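Enquirer: Chains D and C, in that order, are what the protein sequence lines are. According to the entry's author numbering, the first sequence holds residues 2 to 55, 64 to 103, 108 to 112, 115 to 121, 125 to 663 in order. According to the entry's author numbering, the second sequence holds residues 3 to 576 in order. No residue lacks a Cβ here, since even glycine has one placed at the ideal position from N, Cα and C. What follows is a structure written as structure tokens; I'll ask about it next.
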Amino acid sequence: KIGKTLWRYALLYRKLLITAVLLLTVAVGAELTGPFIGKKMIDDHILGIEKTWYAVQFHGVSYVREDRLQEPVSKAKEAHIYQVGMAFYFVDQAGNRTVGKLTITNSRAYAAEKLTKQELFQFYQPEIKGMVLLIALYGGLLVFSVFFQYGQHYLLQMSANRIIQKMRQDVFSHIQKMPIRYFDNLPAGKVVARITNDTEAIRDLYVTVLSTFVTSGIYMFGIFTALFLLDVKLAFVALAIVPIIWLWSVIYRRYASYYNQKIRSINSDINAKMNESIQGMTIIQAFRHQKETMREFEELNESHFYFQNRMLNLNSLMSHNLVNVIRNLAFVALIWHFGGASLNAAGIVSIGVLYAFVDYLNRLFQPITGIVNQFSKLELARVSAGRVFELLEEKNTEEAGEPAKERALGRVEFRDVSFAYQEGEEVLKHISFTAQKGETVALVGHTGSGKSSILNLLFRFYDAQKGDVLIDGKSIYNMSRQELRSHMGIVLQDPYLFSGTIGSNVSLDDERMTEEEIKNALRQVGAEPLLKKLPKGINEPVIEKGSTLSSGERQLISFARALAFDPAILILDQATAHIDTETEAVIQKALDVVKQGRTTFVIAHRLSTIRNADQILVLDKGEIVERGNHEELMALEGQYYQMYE
Amino acid sequence: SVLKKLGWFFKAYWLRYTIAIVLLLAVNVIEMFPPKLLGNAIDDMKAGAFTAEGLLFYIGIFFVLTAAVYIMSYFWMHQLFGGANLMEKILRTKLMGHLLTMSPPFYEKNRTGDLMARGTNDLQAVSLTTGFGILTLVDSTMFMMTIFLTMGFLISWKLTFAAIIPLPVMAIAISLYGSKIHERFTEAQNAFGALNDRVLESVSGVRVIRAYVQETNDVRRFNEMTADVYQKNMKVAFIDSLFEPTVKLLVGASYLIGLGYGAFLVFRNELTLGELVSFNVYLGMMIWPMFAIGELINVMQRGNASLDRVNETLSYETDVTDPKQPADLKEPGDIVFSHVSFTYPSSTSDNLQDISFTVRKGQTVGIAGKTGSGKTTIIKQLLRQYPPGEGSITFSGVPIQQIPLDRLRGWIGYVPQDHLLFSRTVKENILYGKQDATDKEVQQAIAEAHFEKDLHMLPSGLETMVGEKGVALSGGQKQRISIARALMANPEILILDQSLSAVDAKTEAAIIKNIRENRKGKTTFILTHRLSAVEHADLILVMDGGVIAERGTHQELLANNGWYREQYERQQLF
Ligand SMILES: Nc1ncnc2c1ncn2[C@@H]1O[C@H](COP(=O)(O)OP(=O)(O)OP(=O)(O)O)[C@@H](O)[C@H]1O
Ligand SMILES: Nc1ncnc2c1ncn2[C@@H]1O[C@H](COP(=O)(O)OP(=O)(O)OP(=O)(O)O)[C@@H](O)[C@H]1O
Ligand SMILES: [Mg+2]
Ligand SMILES: [Mg+2]
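Spelled out as structure tokens, the structure:
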């Protein structure tokens, strides 16, 4: 259920949204009181001349309105004023508007004279006073909803920003508690898209879509309330209108869901494919695969273009184009009902009411034009919520015990253990070996017998299906892999350096080793910091891996950072492959000797670096062959050693 | 600016939007008659002249006008929203066309997440701007223009130069708001690039993170960055919420001035209640839609900043790597280095000094010395991935340049010291080299790098999927796929870059034995640290810093005292 999680994240911030809605309620209330001033300015200060008159003095005789400046109690003539065309007429004593010949057939006829222009203006001086009073009233009333609108906007901005921040943090934590397999079998760009290019969809769902929705829904409620205040029969049609919008939100959903989800999936594919191309651009620019990679991309691009054009029609019969059809149907009703009321001359009551409704229609549709402009984003962000939420709601996750344990003896042990990726490729079979503090080296020439499989089984990157691994008699299935992985360190077979200074790469953003860990670099690095112009702390290698640095130098930095951390078990993976230069490879094994202080697992395809190991394994085809030392060489390792020399 | 930057698209298609401007004029005028029609109808109602046939005429006009606007603005919506899609697609194609055909010295200055976002996010922003922002801008501008004209002639010019007084203030406010929002949005786009960069780094480095237990120490950094992004989002929320109140204020001021001064005009008898209603409806349609003005500027400045990013990345001069004038000489077998003083872009020293290297016809040459001595620098001189400062590859007489990068790149074999693959099957990524290879040469290269046995371990020989990067493959297997792939091409020039450092000695023997069989009279560049495959060559250059310490074959090196002299014996006594 996507909506429930959106509601829960919103309820995490109740104070912010409730205060914003209250302030906006105040603002909309002020604005909706606004047009009553127009109503009551019309009906009073323009149509008061049309009501009975018992001070206004033209010709020096005519008395003043019943309710007007200079009101003694006096009534002798009961005069009236009537409207004919663009001319007004004044009848002295006690219908139709036929022209000193005024007739009201409903019959009696009387005489009236034209009110000219200056005399007509003379009438509405008190009306001028009333106009300026009401005008100033509304002008002042505006500046109160001026500081309420500001407040509610600046409050919704924080509610949206906080919501998106919280959601992003939760997603990132969840992805870091995912098994390695999940990352193994999914493109980096694909996962990266679901975090950065996918939460942006949900951010806009909050920053503009839902904020605009609540504002418009607060504006419409007020407008319908005012419409009910004025009329109760036309307000019932007004209420009927909203089910229309509901049916406008249901249809745009039964017609956009599939294509929006296809667009999102293609976008993820396009992020993944572009990442892959950037990473391996040397094989594109050295093997002339440029045109084929362009063709694949263009296939994806045209698929996305096609689906967008598979949505180019639904959005065309919607939006303002369709908001104008409700507006004109509102005008038609405001004509028809008033006409059916005024057929028998019973339409002069609603002359300020007519104006108020006319103003109200202008009010109502702009909130609606706001609402419709987001249905494209709403149905687009529903997809994004599902993709992100499925990631956030995932049951194959592994609970992680963050606390790291203390130092442990270097006791590794392996019982009858049978590991197999994807349940079919039985990499390891009945692997059993032990170590206390010496160098136990796993050797195989098969190149696919599962050396790295054993190493990543030790870290529980993948869970074994048979047997158990016990360090100091501690089954690795005690979870808390942060203690399991803090006792021991690994130099990956393919190093990955992070961004920032080489000193930062060795330190790894940990607050354990001071600046004087140059010893780790000086442990095996010869004159490279001298070669490069500035020391470790002032040269920033090219972002990601150090393409500004050689593969061996990168591997040197990786090994140094492995030693910078001091592990109870030092695991290595072809740690001396690209730095095989013997001048420095001998300094890593002569001046940086493993010594007894570490329990080291030295993996390598060269017999030179494992000649002094006190335990050598073969593990060929996932099965061990030899358990002796270097001098215990009869048949198999003899072949490998002989060819090396 | 965003208009001056996006115009060339419109100049390319001025048959699709010219038809749509006339269409919008038509739908605006026809939908702008009903105001005056209503004013007239209510004037008739007040005078008591409202007759039945007038009601029928009014409702018929309203219905026909509604249908006309419906269809004739449906066409305008379709056209413009399709133009936006086309703009986005063509920009994406141009962007990937510029990312390719560009040498590696730009990827050190340009990020993989900044560029990935600069494609996806920047183009979606530009699409949203091209469609919706231009739609709203043109529609609103012309609508306001015509409403100001109709109220002028058709109602009055005093009532309409008077609610116009507050609009200059709107203009200045809209100037300042855009002036700030442009900078804010360029910063936001760069920030999204940075966020994508950080997430990409975290995802790529996971085992290095998990093996070191720094999940928490990374969630800390992400949280701090998100907090800073929130702070920026609120430094813009402040300005956006200080802008809207001035907008609504001025809208209300225009409304109030129009209403009050129109009532006063009615008092002077220069206007009627019907005309008052008409003017008020005109103002209601004209100035109240300005509530979305802020969103319009948001879209329009976000698009401008995104397109500025795309433009500055889309014209970089592609380094110095380009055929000047095709010399059109098929490869001479001679590669004679005269004087090569090279300096990487990100360096301040001559990484390579004058090297008089020379390799004739087909001769394996061995380059192996202290790490960091720039042997892969000399190799990169051949591939011309970097600008030539003083390099003189001098193929026969002609310098390195004046050759087709297609043909020159076809001459070279490969330079993958770090392993690289692609997400596909092993067959497909072996086919990735040369022109899709052939039928059985795939199996030839397979059982020519001693890789046939490996297929037993792989459950689906040549058919099992190779996971992203090296997943589903061991390190030696991946290098053995690289050698097979790049031996599919049978190159005239082959460059091996520590190509034997990820497999055992036993398989190393098979490769060198099979490389000896494969390479007979074809020049090969052997770079390695296992000092046994370098034994056979016409020349062996030992590299020390920016200069070659010694030159000769495998014999005189063991005679002259130097680096090679001590390195062979130690690897021999083992
Ligand atoms: N994620 C995976 N899923 C399935 N099979 C895998 C996976 N990762 C590796 N393999 C395969 O399982 C076996 C494990 O061997 P491993 O990766 O340890 O190589 P290795 O013996 O260390 O060889 P070398 O060091 O010579 O490359 C190999 O067949 C390898 O290609
Ligand atoms: N992109 C680059 N920009 C600037 N300098 C670079 C770049 N790549 C490498 N370098 C520098 O070039 C030097 C010499 O080249 P490089 O070390 O790659 O060859 P190498 O000596 O064989 O390395 P290795 O011995 O590690 O296999 C490196 O030590 C490094 O300082
Ligand atoms: Mg190198
Ligand atoms: Mg391996």
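(1) Alpha carbon to alpha carbon, what distance is there between C:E510 and C:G335?
(2) Checking contacts by CB at 9 Å: is C:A561 closer than that to chain D?
(3) Using the three-state DSSP reduction, which class does C:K455 fall into: helix, strand or coil?
(4) Can a CB atom of chain D be found closer than 9 Å to the CB of C:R487?
(5) DSSP has D:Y168 in a bridge; who is on the other side?
(6) Would you mind telling me which residues of chain D sit closer than 8 Å to C:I61, beta carbon to beta carbon, in chain order?
(7) For D:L625 and C:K372, what's the separation of their Cα atoms in angstroms?
(8) Kindly list the residues whose CB is nearer than 6 Å to the CB of C:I380, restricted to its own chain and excluding five residues on each side of it in sequence; keep chain order.
(9) Thinking just about the alpha-carbon of each residue, which of D:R272, D:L340, D:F383 and D:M299 is nearest to the one in D:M329?
(10) Does the stretch 514-529 of chain C come close enough to the stretch 589-600 of chain D that 3 or more CB-CB pairs lie under 8 Å?
(11) So, C:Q303 versus C:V4, is the Cβ gap smaller than 9 Å?
(12) Can you give me, in chain order, the residues of the stretch 337-348 of chain D that have a beta carbon less than 9 Å from any beta carbon in chain C?
(13) Touching or not, the stretch 129-143 of chain C and the stretch 80-87 of chain C, by the rule of three or more beta carbon pairs under 8 Å?
(14) With respect to 8 Å, is the separation between the Cβ of D:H338 and the closest non-hydrogen atom of ligand 1 below this value?
(15) Does C:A449 pass the burial test, meaning 16 or more other C-beta atoms within 10 Å, or should it be called exposed?
(16) Are the CB atoms of D:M185 and D:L17 within a distance shorter than 9 Å?
(17) Can you give the beta carbon distance from C:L285 to C:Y318, rounded, assuming they're within the 8 Å contact cut?
(18) Given that D:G157 touches chain C, what residues does it touch there, using C-beta distances under 7 Å?
(19) Identify which residue in D:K84, D:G94, D:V93 and D:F97 has its Cα closest to the Cα of D:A103.
(20) Which residues in chain D sit within 9 Å of C:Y232, going by Cβ to Cβ distance?
(21) Looking at chain D, is there any beta carbon in it that lies within less than 9 Å of the beta carbon of C:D441?
(22) Which residues in chain C sit within 8 Å of D:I296, going by Cβ to Cβ distance?
(23) What are the boundary residues of the alpha helix (DSSP H) that D:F315 is part of?
(24) Which residues, taken in chain order from the stretch 547-576 of chain D, show a beta carbon closer than 7 Å to some beta carbon of chain C?
(25) What residues from chain C crowd round D:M42, counting only those whose CB sits closer than 7 Å?
(26) Could you please give me the residues that DSSP links to D:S493 through a beta bridge?
(27) D:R405 by DSSP, collapsed to three states: which one?
(28) Skipping 5 residues on each side, what residues in its chain have a beta carbon closer than 7 Å to that of D:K280?
(29) Anything with a beta carbon under 5 Å from a heavy atom of ligand 3 counts; list them all in chain order.
(30) Return the chain-ordered list of same chain residues with a C-beta closer than 6 Å to the C-beta of D:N278, the five sequence neighbours on each side being excluded.
(31) Would you say the beta carbon of C:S317 is closer than 8 Å to some non-hydrogen atom of ligand 4?
(32) Measuring only the C-alpha atoms, how far is D:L635 from D:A422?
(33) Strictly closer than 5 Å from CB to any heavy atom of ligand 4: give me those residues in the order they appear in the chain.
(34) Can you determine whether any heavy atom of ligand 1 sits closer than 8 Å to the C-beta of residue 122 of chain D, and answer yes or no?
(35) Assign C:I174 to one of two classes, buried (16 or more other C-beta atoms within 10 Å of its C-beta) or exposed (fewer than that).
(36) Could you tell me which chain C residues have their CB closer than 7 Å to the CB of D:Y662, listed as they occur along the chain?
Expert: Judging by the given coordinates:
(1) 28 Å
(2) No, its Cβ sits nowhere closer than 9 Å to a Cβ of chain D.
(3) It is coil, neither helix nor strand.
(4) yes
(5) For D:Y168, which the question treats as bridged, DSSP gives no partner whatsoever.
(6) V350, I353 and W354
(7) 21 Å
(8) Setting aside the 5 residues that flank it on each side, C:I380 has no residue in the same chain whose C-beta is closer than 6 Å to its C-beta.
(9) D:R272
(10) no
(11) yes
(12) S337, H338, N339, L340, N342, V343, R345, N346 and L347
(13) yes
(14) no
(15) exposed
(16) Contact: no.
(17) That belief does not hold up - the Cβ atoms of C:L285 and C:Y318 are roughly 51 Å apart, past 8 Å.
(18) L258
(19) D:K84
(20) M176, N179, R180, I182 and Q183
(21) With 9 Å as the cut-off, C:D441 does not count as an interface residue toward chain D.
(22) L101, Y109, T114, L117 and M118
(23) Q308 to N327
(24) Those would be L549, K551, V560, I561, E562, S565, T566, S568, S569, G570 and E571, in chain order.
(25) Those within 7 Å of D:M42 in chain C are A265.
(26) D:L488
(27) helix
(28) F325
(29) D:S568 and C:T378
(30) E397, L398 and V401
(31) no
(32) 31 Å
(33) D:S470, C:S476 and C:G477
(34) Residue numbering in chain D breaks between 121 and 125, and residue 122 of chain D falls inside that break, so it has no position here.
(35) exposed
(36) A507 and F576
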